[PDB]
Amino acid sequence: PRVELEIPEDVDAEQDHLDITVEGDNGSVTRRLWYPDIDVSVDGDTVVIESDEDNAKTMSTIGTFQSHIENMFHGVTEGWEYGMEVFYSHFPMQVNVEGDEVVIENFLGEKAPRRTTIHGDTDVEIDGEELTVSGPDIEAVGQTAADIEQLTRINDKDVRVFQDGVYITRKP
Amino acid sequence: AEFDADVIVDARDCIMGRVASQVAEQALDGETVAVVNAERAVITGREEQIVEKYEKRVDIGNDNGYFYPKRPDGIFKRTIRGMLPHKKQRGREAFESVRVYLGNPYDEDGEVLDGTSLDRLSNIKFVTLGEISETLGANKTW
Amino acid sequence: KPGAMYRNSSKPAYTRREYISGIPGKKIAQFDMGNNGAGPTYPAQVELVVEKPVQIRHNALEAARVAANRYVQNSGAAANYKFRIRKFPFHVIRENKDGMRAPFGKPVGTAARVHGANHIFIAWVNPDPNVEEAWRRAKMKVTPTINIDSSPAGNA
Amino acid sequence: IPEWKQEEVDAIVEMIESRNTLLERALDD
RNA sequence: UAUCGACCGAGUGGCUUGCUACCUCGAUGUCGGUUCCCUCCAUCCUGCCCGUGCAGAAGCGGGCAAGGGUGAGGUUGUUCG
RNA sequence: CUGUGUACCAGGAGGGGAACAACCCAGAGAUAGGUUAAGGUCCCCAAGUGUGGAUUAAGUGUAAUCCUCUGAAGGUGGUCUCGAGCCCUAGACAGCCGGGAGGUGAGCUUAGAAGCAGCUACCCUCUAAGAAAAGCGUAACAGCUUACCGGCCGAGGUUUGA
Ligand SMILES: [Cl-]
Ligand SMILES: [Cl-]
Ligand SMILES: [K+]
Ligand SMILES: [Mg+2]
Ligand SMILES: [Mg+2]
Ligand SMILES: [Mg+2]
Ligand SMILES: [Mg+2]
Ligand SMILES: [Mg+2]
Ligand SMILES: [Mg+2]
Ligand code: NA
Ligand code: NA
Ligand code: NA
Ligand code: NA
Ligand SMILES: [Sr+2]
Ligand SMILES: [Sr+2]
Ligand SMILES: [Sr+2]
Ligand SMILES: [Sr+2]
Ligand SMILES: [Sr+2]
Ligand SMILES: [Sr+2]
Ligand SMILES: [Sr+2]
Ligand SMILES: [Sr+2]
Ligand SMILES: [Sr+2]
Ligand SMILES: [Sr+2]
Ligand SMILES: [Sr+2]
Ligand SMILES: [Sr+2]
């Protein structure tokens with residue numbers, strides 16, 4: 001089986017062994033698509049994913065490889081963006097970006113700040129009770145977003161009564 | 001140092017067992033073999049299961065002792081010893097005329113033995129001697 | 001006692017009551033279930049087929065039978081179905097309960113010998129196979145692995 | 001070859017005298 | 001199906017008990033304790049988790065996990081309790 | 001434990017089976033050359049890192065027999081192979097967008113019940129569709145839906161047996 005991805009006009013793709021690099025105006029991303037007997041190459045202005053194998057396991061990865069590459073095209077052009085909101089009930093939670101990590105202070109009244117380091121060239125812009133995570137690498141972006149929500153995770157008490165935390169409000 | 005080897009083998013990306021089999025076969029044939037780039041030789045299968053086996057060998061022991069190597073140096077040379085009658089004169093001789101190295105201390109690029117190469121493009125479930133060594137705690141000298 | 005002790009046909013046939021005495025009664029309540037007033041004139045006839053020769057004690061025969069029929073009350077106490085457990089526990093089984101001295105055992109129970117492929121249960125129903133589930137529970141309480149087999153149904 | 005698709009096309013083509021595919025189907029008449 | 005859980009059915013262990021009589025009758029000293037060393041996990045505590053008939057506090061049940069810990073005393077030779 | 005028939009150990013070497021009374025080859029004068037048996041041919045260790053092809057990713061497995069080599073009932077969209085029925089370029093299956101409409105809030109019941117407490121019936125208009133409402137949801141409404149229809153898309157899909 002073989003699939004051909006026509007690459008967008010503002011974009012450029014390049015191979016280097018098992019690594020692929022996609023570059024658009026919104027930046028660039030480099031990934032690794034290493035699976036047995038699956039060749040990923042850049043032919044002219046198209047990316048080809050092919051293999052002589054057609055078993056369920058090989059077909060699975062081909063489809064995964066495709067989405068990964070279409071996501072890269074989208075990342076370097078329209079970019080990826082996740083929206084978030086901070087909802088607190090009693091203790092005023094302070095969310096801020098300090099350095100390369102987001103810091104949440106006074107969560108549920110805690111005296112110690114919780115923090116998570118941002119992934120890659122992902123930019124986190126906070127404005128009021130809203131947060132917005134964006135960047136070319138969806139993996140890097142997706143994690144950062146999730147990382148922030150996970151940062152206000154609570155296991156000890158009943159979640160139905162304690163909901164203070166930063167939640168993902170918009171998924172691309 | 002200085003090991004006047006008749007044969008210099010390149011274990012880079014090669015099935016450790018399969019290389020060891022041929023190297024022993026040759027040492028017993030009188031050849032002086034130098035295995036190079038041990039840190040880069042490989043062994044196929046699930047890394048987690050493979051490491052459990054090598055970790056178990058490290059935990060085993062007692063007063064009499066069961067010294068088991070952790071660096072690719074020894075993991076490999078031990079592997080080869082398991083394919084030699086090292087407690088015998090003839091077998092100790094062969095084994096002693098065999099040395100394994102980290103990287104390549106020689107000027108020549110070692111040769112690749114037939115059938116011993118692993119094709120990274122067709123395999124994903126395999127591990128590097130170097131990776132085992134690091135997981136086993138060895139001081140990454142290479 | 002465990003099924004382990006009697007599931008195998010490892011002893012000669014011991015069923016002659018003219019020579020054996022004190023045999024415990026059977027725990028099997030009925031052999032005919034459903035509208036046994038009516039005949040097997042139904043569209044679908046499924047059956048539970050034992051996959052290994054074995055001896056099934058009346059103990060397990062009654063648990064499997066109940067397990068299935070009780071559940072077949074997904075159709076109703078007086079529903080429209082038939083159900084027959086066609087085997088009867090003829091083999092009298094013993095237990096040596098003096099060590100190995102004079103160890104012939106005493107009657108402790110009865111079991112039914114069933115050979116690989118024989119059908120132990122048979123149900124008759126209209127396209128209303130809640131019975132296939134009834135046997136999943138039935139095969140759940142008898143020693144051997146079994147296979148549910150639809151005998152007359154092209155009504156997929 | 002559902003008949004309802006056959007009959008529908010009949011009804012459509014009849015009104016043309018007095019699914020898009022079923023309209024193009026009637027149009028080819 | 002938070003939790004408890006009969007019947008019946010399938011197993012694992014080799015800690016109890018029984019069976020057997022393979023080893024030992026030109027001797028392998030018995031129970032309990034004690035002292036000192038190693039280990040097993042089917043985990044009692046401690047670490048990290050999941051569910052709840054989880055507001056909280058505390059329970060209850062479950063998962064990973066054998067690093068460490070698991071003590072003092074009254075009757076009884078007791079083991080056990 | 002106790003019978004029976006038989007070959008073996010006992011009283012049976014030698015080759016193999018890691019070791020190993022009775023499992024496999026084998027019944028054996030000395031000595032020698034040769035060819036096989038069982039069993040082996042990646043190394044330890046004599047002989048293949050042999051050929052055509054398939055499956056497996058668990059180191060499953062590399063364990064004939066066995067006190068000795070475990071693995072069961074029950075389960076498995078892990079993966080390979082084979083078959084049957086049905087749907088499909090007159091556009092399936094899925095996804096996304098749009099439409100989901102009047103009689104009517106059906107009648108009964110009840111203070112009230114209007115798709116959705118209960119009982120009963122379960123009709124007809126417009127139409128490309130739209131239930132006397134399948135599932136939530138409200139005190140009841142509402143609101144979210146969904147059955148059903150149209151669009152975009154474009155190739156197999158779905159059900160079942162081995
Ligand atoms: Cl040691
Ligand atoms: Cl692989
Ligand atoms: K003695
Ligand atoms: Mg004596
Ligand atoms: Mg455990
Ligand atoms: Mg609590
Ligand atoms: Mg004798
Ligand atoms: Mg050889
Ligand atoms: Mg194994
Ligand atoms: Na050791
Ligand atoms: Na003692
Ligand atoms: Na512990
Ligand atoms: Na005491
Ligand atoms: Sr017997
Ligand atoms: Sr006695
Ligand atoms: Sr069963
Ligand atoms: Sr464990
Ligand atoms: Sr605990
Ligand atoms: Sr007592
Ligand atoms: Sr060779
Ligand atoms: Sr080969
Ligand atoms: Sr082959
Ligand atoms: Sr033994
Ligand atoms: Sr066996
Ligand atoms: Sr099984």
# chains A, B, ... in the order shown; residues from 1 in each chain; ligands from 1
>>> residues_around(residues="stretch 125-139 of chain C", least_positions_apart="6", cutoff="7 Å", atoms="only C-alpha atoms (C1' of nucleotides)", output="NGL selection string")
:C and (42-45 or 48 or 64-65 or 67-69 or 71-72 or 81-82 or 146 or 148)
>>> write_last_selection(atoms="N, CA and C atoms", output="CSV table (one decimal), in the first residue's frame")
chain,number,residue,atom,x,y,z
C,42,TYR,N,-41.6,-26.5,17.1
C,42,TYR,CA,-41.1,-25.1,17.2
C,42,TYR,C,-40.2,-24.8,16.0
C,43,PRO,N,-39.9,-23.5,15.7
C,43,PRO,CA,-39.1,-23.2,14.6
C,43,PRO,C,-37.6,-23.5,14.9
C,44,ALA,N,-37.1,-22.9,16.0
C,44,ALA,CA,-35.7,-23.1,16.4
C,44,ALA,C,-35.5,-24.1,17.5
C,45,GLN,N,-34.4,-24.9,17.4
C,45,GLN,CA,-34.1,-25.9,18.4
C,45,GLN,C,-32.6,-25.9,18.6
C,48,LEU,N,-27.2,-27.7,23.9
C,48,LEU,CA,-25.9,-27.6,24.5
C,48,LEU,C,-25.2,-29.0,24.4
C,64,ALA,N,-26.6,-26.4,36.8
C,64,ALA,CA,-26.6,-25.9,35.5
C,64,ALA,C,-28.0,-25.8,34.9
C,65,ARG,N,-28.9,-26.8,35.3
C,65,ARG,CA,-30.3,-26.8,34.8
C,65,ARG,C,-31.0,-25.6,35.4
C,67,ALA,N,-29.6,-22.8,36.7
C,67,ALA,CA,-28.9,-21.6,36.1
C,67,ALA,C,-29.5,-21.3,34.7
C,68,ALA,N,-29.8,-22.3,33.9
C,68,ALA,CA,-30.4,-22.0,32.6
C,68,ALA,C,-31.9,-21.7,32.6
C,69,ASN,N,-32.6,-22.6,33.1
C,69,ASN,CA,-34.1,-22.4,33.2
C,69,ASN,C,-34.5,-21.2,34.0
C,71,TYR,N,-33.1,-18.6,34.4
C,71,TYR,CA,-32.8,-17.4,33.6
C,71,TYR,C,-33.8,-17.4,32.4
C,72,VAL,N,-34.2,-18.5,31.9
C,72,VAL,CA,-35.1,-18.6,30.8
C,72,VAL,C,-36.5,-18.0,31.2
C,81,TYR,N,-41.8,-21.9,25.4
C,81,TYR,CA,-40.5,-22.6,25.1
C,81,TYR,C,-40.5,-24.0,25.7
C,82,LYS,N,-39.6,-24.8,25.3
C,82,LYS,CA,-39.5,-26.2,25.8
C,82,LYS,C,-38.0,-26.3,26.2
C,146,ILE,N,-18.0,-26.6,26.4
C,146,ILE,CA,-19.2,-27.0,25.6
C,146,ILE,C,-19.3,-26.1,24.4
C,148,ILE,N,-22.6,-24.4,22.0
C,148,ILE,CA,-24.0,-24.2,21.8
C,148,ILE,C,-24.3,-24.4,20.4
>>> interface_residues(of="chain B", to="chain F", cutoff="6 Å", atoms="only C-alpha atoms (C1' of nucleotides)", output="PyMOL selection string")
chain B and resi 21+83-84
>>> residues_around(residues="stretch 13-21 of chain F", least_positions_apart="6", cutoff="8 Å", atoms="only C-alpha atoms (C1' of nucleotides)", output="MDAnalysis selection string")
chainID F and resid 28 38:39
>>> write_last_selection(atoms="C-alpha atoms (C1' of nucleotides)", output="PDB file, in the first residue's frame")
ATOM      1  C1'   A F  28      28.493 -57.692  22.304  1.00  0.00           C
ATOM      2  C1'   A F  38      18.675 -43.501  17.311  1.00  0.00           C
ATOM      3  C1'   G F  39      19.659 -38.846  17.599  1.00  0.00           C
TER       4        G F  39
END
>>> residues_near_ligand(ligand="ligand 2", cutoff="12 Å", atoms="only C-alpha atoms (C1' of nucleotides) and all ligand atoms", output="ChimeraX atom specification")
/A:34-38,57-58 /B:43-47,118-127 /F:57
>>> residues_near_ligand(ligand="ligand 5", cutoff="10 Å", atoms="only C-alpha atoms (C1' of nucleotides) and all ligand atoms", output="PDB file with N, CA and C atoms (P, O5', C5', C4', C3', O3' and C1' of nucleotides), in the first residue's frame")
ATOM      1  P     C E  41       8.221 -13.524  46.001  1.00  0.00           P
ATOM      2  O5'   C E  41       6.785 -13.428  46.657  1.00  0.00           O
ATOM      3  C5'   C E  41       5.828 -14.462  46.441  1.00  0.00           C
ATOM      4  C4'   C E  41       4.535 -14.087  47.095  1.00  0.00           C
ATOM      5  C3'   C E  41       4.009 -12.721  46.674  1.00  0.00           C
ATOM      6  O3'   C E  41       2.600 -12.784  46.599  1.00  0.00           O
ATOM      7  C1'   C E  41       4.368 -12.762  49.010  1.00  0.00           C
ATOM      8  P     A E  42       1.856 -12.289  45.276  1.00  0.00           P
ATOM      9  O5'   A E  42       0.314 -12.325  45.676  1.00  0.00           O
ATOM     10  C5'   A E  42      -0.285 -13.517  46.206  1.00  0.00           C
ATOM     11  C4'   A E  42      -1.130 -13.199  47.421  1.00  0.00           C
ATOM     12  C3'   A E  42      -0.363 -12.661  48.620  1.00  0.00           C
ATOM     13  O3'   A E  42      -1.293 -11.932  49.437  1.00  0.00           O
ATOM     14  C1'   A E  42      -1.223 -14.808  49.118  1.00  0.00           C
ATOM     15  P     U E  43      -1.314 -10.326  49.436  1.00  0.00           P
ATOM     16  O5'   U E  43      -0.151  -9.916  50.441  1.00  0.00           O
ATOM     17  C5'   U E  43      -0.251 -10.230  51.836  1.00  0.00           C
ATOM     18  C4'   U E  43      -0.169  -8.968  52.667  1.00  0.00           C
ATOM     19  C3'   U E  43      -1.208  -7.888  52.369  1.00  0.00           C
ATOM     20  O3'   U E  43      -1.504  -7.207  53.582  1.00  0.00           O
ATOM     21  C1'   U E  43       0.977  -7.030  52.018  1.00  0.00           C
ATOM     22  P     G E  63      -6.477  -6.397  44.789  1.00  0.00           P
ATOM     23  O5'   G E  63      -5.761  -5.315  43.864  1.00  0.00           O
ATOM     24  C5'   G E  63      -6.068  -5.215  42.459  1.00  0.00           C
ATOM     25  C4'   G E  63      -5.217  -4.151  41.814  1.00  0.00           C
ATOM     26  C3'   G E  63      -3.727  -4.238  42.093  1.00  0.00           C
ATOM     27  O3'   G E  63      -3.055  -5.208  41.298  1.00  0.00           O
ATOM     28  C1'   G E  63      -4.436  -1.995  42.355  1.00  0.00           C
ATOM     29  P     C E  64      -1.763  -5.957  41.896  1.00  0.00           P
ATOM     30  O5'   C E  64      -0.596  -4.881  41.768  1.00  0.00           O
ATOM     31  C5'   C E  64      -0.296  -4.284  40.499  1.00  0.00           C
ATOM     32  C4'   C E  64       0.752  -3.204  40.646  1.00  0.00           C
ATOM     33  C3'   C E  64       2.009  -3.557  41.424  1.00  0.00           C
ATOM     34  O3'   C E  64       2.970  -4.262  40.650  1.00  0.00           O
ATOM     35  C1'   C E  64       1.217  -1.437  42.111  1.00  0.00           C
ATOM     36  P     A E  65       3.768  -5.491  41.315  1.00  0.00           P
ATOM     37  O5'   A E  65       4.542  -4.824  42.538  1.00  0.00           O
ATOM     38  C5'   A E  65       5.519  -3.793  42.321  1.00  0.00           C
ATOM     39  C4'   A E  65       5.859  -3.105  43.622  1.00  0.00           C
ATOM     40  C3'   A E  65       6.317  -3.999  44.760  1.00  0.00           C
ATOM     41  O3'   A E  65       7.702  -4.287  44.659  1.00  0.00           O
ATOM     42  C1'   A E  65       4.701  -2.473  45.563  1.00  0.00           C
ATOM     43  P     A E  66       8.230  -5.778  44.938  1.00  0.00           P
ATOM     44  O5'   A E  66       8.361  -5.868  46.522  1.00  0.00           O
ATOM     45  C5'   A E  66       8.999  -4.820  47.268  1.00  0.00           C
ATOM     46  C4'   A E  66       9.625  -5.381  48.518  1.00  0.00           C
ATOM     47  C3'   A E  66      10.605  -6.533  48.307  1.00  0.00           C
ATOM     48  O3'   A E  66      11.710  -6.389  49.213  1.00  0.00           O
ATOM     49  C1'   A E  66       8.800  -7.238  49.691  1.00  0.00           C
TER      50        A E  66
END
>>> residues_near_ligand(ligand="ligand 7", cutoff="12 Å", atoms="only C-alpha atoms (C1' of nucleotides) and all ligand atoms", output="PDB file with C-alpha atoms (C1' of nucleotides), in the first residue's frame")
ATOM      1  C1'   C F   9      15.953 -54.132  34.239  1.00  0.00           C
ATOM      2  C1'   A F  10      17.521 -57.532  37.665  1.00  0.00           C
ATOM      3  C1'   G F  11      21.686 -60.666  35.058  1.00  0.00           C
ATOM      4  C1'   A F  21      18.006 -49.835  36.169  1.00  0.00           C
TER       5        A F  21
END
>>> residues_around(residues="residue D:27", least_positions_apart="2", cutoff="12 Å", atoms="only C-alpha atoms (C1' of nucleotides)", output="MDAnalysis selection string")
chainID D and resid 9:10 12:17 20:25 29
>>> residues_near_ligand(ligand="ligand 19", cutoff="10 Å", atoms="only C-alpha atoms (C1' of nucleotides) and all ligand atoms", output="PyMOL selection string")
chain E and resi 76+78-81
>>> residues_near_ligand(ligand="ligand 11", cutoff="9 Å", atoms="only C-alpha atoms (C1' of nucleotides) and all ligand atoms", output="PDB file with C-alpha atoms (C1' of nucleotides), in the first residue's frame")
ATOM      1  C1'   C E  31       8.028 -30.421  71.307  1.00  0.00           C
ATOM      2  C1'   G E  32       8.237 -25.320  72.813  1.00  0.00           C
ATOM      3  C1'   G E  33      11.455 -21.430  73.607  1.00  0.00           C
ATOM      4  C1'   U E  34      15.934 -19.017  72.800  1.00  0.00           C
TER       5        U E  34
END
